[PDB]
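Undergrad: Below is query_16.cif; it holds mmCIF, N, CA and C atoms.
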```
data_run
loop_
_atom_site.group_PDB
_atom_site.id
_atom_site.type_symbol
_atom_site.label_atom_id
_atom_site.label_comp_id
_atom_site.auth_asym_id
_atom_site.auth_seq_id
_atom_site.Cartn_x
_atom_site.Cartn_y
_atom_site.Cartn_z
ATOM 1 N N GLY A 1 48.719 -61.892 46.236
ATOM 2 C CA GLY A 1 47.505 -61.289 45.639
ATOM 3 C C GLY A 1 46.251 -62.031 46.037
ATOM 4 N N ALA A 2 45.207 -61.903 45.213
ATOM 5 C CA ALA A 2 43.923 -62.555 45.462
ATOM 6 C C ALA A 2 43.362 -62.138 46.817
ATOM 7 N N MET A 3 42.944 -60.880 46.905
ATOM 8 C CA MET A 3 42.457 -60.309 48.157
ATOM 9 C C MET A 3 41.013 -60.716 48.427
ATOM 10 N N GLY A 4 40.589 -61.806 47.813
ATOM 11 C CA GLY A 4 39.223 -62.259 47.959
ATOM 12 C C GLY A 4 38.433 -62.096 46.685
ATOM 13 N N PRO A 5 37.288 -62.769 46.599
ATOM 14 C CA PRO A 5 36.395 -62.682 45.450
ATOM 15 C C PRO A 5 35.652 -61.352 45.420
ATOM 16 N N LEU A 6 35.002 -61.067 44.308
ATOM 17 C CA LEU A 6 34.289 -59.813 44.151
ATOM 18 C C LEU A 6 33.011 -59.827 44.969
ATOM 19 N N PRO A 7 32.714 -58.693 45.619
ATOM 20 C CA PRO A 7 31.500 -58.529 46.415
ATOM 21 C C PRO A 7 30.262 -58.875 45.594
ATOM 22 N N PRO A 8 29.263 -59.518 46.231
ATOM 23 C CA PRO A 8 28.067 -60.058 45.557
ATOM 24 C C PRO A 8 27.493 -59.147 44.472
ATOM 25 N N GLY A 9 27.865 -59.431 43.229
ATOM 26 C CA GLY A 9 27.393 -58.647 42.111
ATOM 27 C C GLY A 9 28.528 -58.129 41.249
ATOM 28 N N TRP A 10 29.693 -57.948 41.852
ATOM 29 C CA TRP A 10 30.849 -57.407 41.149
ATOM 30 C C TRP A 10 31.623 -58.502 40.425
ATOM 31 N N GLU A 11 32.481 -58.098 39.487
ATOM 32 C CA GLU A 11 33.380 -59.021 38.816
ATOM 33 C C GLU A 11 34.489 -58.255 38.118
ATOM 34 N N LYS A 12 35.637 -58.893 37.968
ATOM 35 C CA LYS A 12 36.759 -58.287 37.274
ATOM 36 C C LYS A 12 36.710 -58.660 35.803
ATOM 37 N N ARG A 13 36.232 -57.730 35.001
ATOM 38 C CA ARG A 13 35.996 -57.972 33.590
ATOM 39 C C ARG A 13 36.973 -57.183 32.726
ATOM 40 N N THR A 14 37.083 -57.564 31.468
ATOM 41 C CA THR A 14 37.928 -56.859 30.526
ATOM 42 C C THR A 14 37.076 -56.214 29.440
ATOM 43 N N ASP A 15 37.516 -55.072 28.928
ATOM 44 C CA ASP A 15 36.765 -54.385 27.885
ATOM 45 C C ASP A 15 37.289 -54.764 26.511
ATOM 46 N N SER A 16 36.838 -54.047 25.503
ATOM 47 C CA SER A 16 37.246 -54.310 24.135
ATOM 48 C C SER A 16 38.704 -53.906 23.871
ATOM 49 N N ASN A 17 39.235 -52.963 24.650
ATOM 50 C CA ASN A 17 40.548 -52.400 24.347
ATOM 51 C C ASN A 17 41.637 -53.068 25.180
ATOM 52 N N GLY A 18 41.261 -53.597 26.338
ATOM 53 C CA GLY A 18 42.213 -54.345 27.139
ATOM 54 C C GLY A 18 42.315 -53.841 28.562
ATOM 55 N N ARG A 19 41.354 -53.033 28.971
ATOM 56 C CA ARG A 19 41.304 -52.521 30.324
ATOM 57 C C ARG A 19 40.567 -53.491 31.232
ATOM 58 N N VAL A 20 40.885 -53.457 32.515
ATOM 59 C CA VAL A 20 40.158 -54.255 33.485
ATOM 60 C C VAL A 20 39.206 -53.371 34.287
ATOM 61 N N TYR A 21 37.930 -53.702 34.239
ATOM 62 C CA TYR A 21 36.925 -52.952 34.966
ATOM 63 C C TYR A 21 36.140 -53.884 35.867
ATOM 64 N N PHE A 22 35.310 -53.312 36.709
ATOM 65 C CA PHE A 22 34.524 -54.086 37.641
ATOM 66 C C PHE A 22 33.047 -53.899 37.346
ATOM 67 N N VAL A 23 32.389 -54.990 37.004
ATOM 68 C CA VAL A 23 30.996 -54.943 36.606
ATOM 69 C C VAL A 23 30.087 -55.281 37.785
ATOM 70 N N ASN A 24 29.068 -54.465 38.003
ATOM 71 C CA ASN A 24 28.067 -54.774 39.010
ATOM 72 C C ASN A 24 26.834 -55.335 38.322
ATOM 73 N N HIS A 25 26.522 -56.592 38.609
ATOM 74 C CA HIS A 25 25.387 -57.271 37.989
ATOM 75 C C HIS A 25 24.071 -56.647 38.438
ATOM 76 N N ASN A 26 24.047 -56.163 39.677
ATOM 77 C CA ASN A 26 22.823 -55.625 40.271
ATOM 78 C C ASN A 26 22.390 -54.355 39.551
ATOM 79 N N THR A 27 23.248 -53.352 39.589
ATOM 80 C CA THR A 27 22.939 -52.055 39.019
ATOM 81 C C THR A 27 23.299 -51.987 37.537
ATOM 82 N N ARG A 28 24.078 -52.972 37.085
ATOM 83 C CA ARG A 28 24.586 -53.019 35.712
ATOM 84 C C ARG A 28 25.555 -51.873 35.466
ATOM 85 N N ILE A 29 26.283 -51.512 36.514
ATOM 86 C CA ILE A 29 27.205 -50.387 36.457
ATOM 87 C C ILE A 29 28.615 -50.857 36.122
ATOM 88 N N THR A 30 29.258 -50.152 35.202
ATOM 89 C CA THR A 30 30.638 -50.428 34.851
ATOM 90 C C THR A 30 31.569 -49.468 35.592
ATOM 91 N N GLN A 31 32.106 -49.915 36.716
ATOM 92 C CA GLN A 31 33.022 -49.096 37.495
ATOM 93 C C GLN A 31 34.454 -49.533 37.243
ATOM 94 N N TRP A 32 35.381 -48.644 37.517
ATOM 95 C CA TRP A 32 36.781 -48.886 37.210
ATOM 96 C C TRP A 32 37.605 -49.041 38.484
ATOM 97 N N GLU A 33 37.166 -48.383 39.552
ATOM 98 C CA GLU A 33 37.819 -48.494 40.843
ATOM 99 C C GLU A 33 37.644 -49.894 41.426
ATOM 100 N N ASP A 34 38.710 -50.396 42.037
ATOM 101 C CA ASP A 34 38.735 -51.749 42.587
ATOM 102 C C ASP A 34 38.043 -51.821 43.945
ATOM 103 N N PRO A 35 36.995 -52.654 44.050
ATOM 104 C CA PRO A 35 36.270 -52.878 45.297
ATOM 105 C C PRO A 35 37.031 -53.790 46.257
ATOM 106 N N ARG A 36 37.950 -54.586 45.724
ATOM 107 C CA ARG A 36 38.718 -55.515 46.540
ATOM 108 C C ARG A 36 40.015 -54.877 47.020
ATOM 109 N N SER A 37 39.911 -53.625 47.441
ATOM 110 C CA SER A 37 41.054 -52.873 47.918
ATOM 111 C C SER A 37 40.992 -52.740 49.438
#
```
Step by step, read the file and then write its structure as structure tokens.
TA:
Amino acid sequence: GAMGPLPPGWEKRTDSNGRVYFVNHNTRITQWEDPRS
């Protein structure tokens, strides 16, 4: 695993319920699709 770190701005975050999402700091967008694919 560990296909690299998140692209400048992204991060692998967890929500209140237990899902893993990807947060973009730049746009402040909460996306669910994995950028490190």
Undergrad: Apply the PyMOL selection byres ((chain A and resi 22-37) around 6.5) to the file shown and report the selected residues as a list in words.
TA: residues 3, 8, 9, 10, 11, 12, 13, 20 and 21 of chain A
Undergrad: Report, as JSON, the centre and edge lengths in Å (one decimal) of the axis-aligned box enclosing every listed atom of region 19-37 of chain A, padded by 4 Å on each side.
TA:
```
{"center_x": 31.9, "center_y": -52.8, "center_z": 39.2, "size_x": 27.0, "size_y": 16.9, "size_z": 28.5}
```
Undergrad: Tell me, which residues of chain A carry DSSP strand (DSSP E or B), written as a list in words?
TA: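 Checking each residue of chain A, the strand (DSSP E or B) ones are residues 8, 10, 12, 13, 14, 20, 21, 22, 23, 24, 29, 30 and 31 of chain A.
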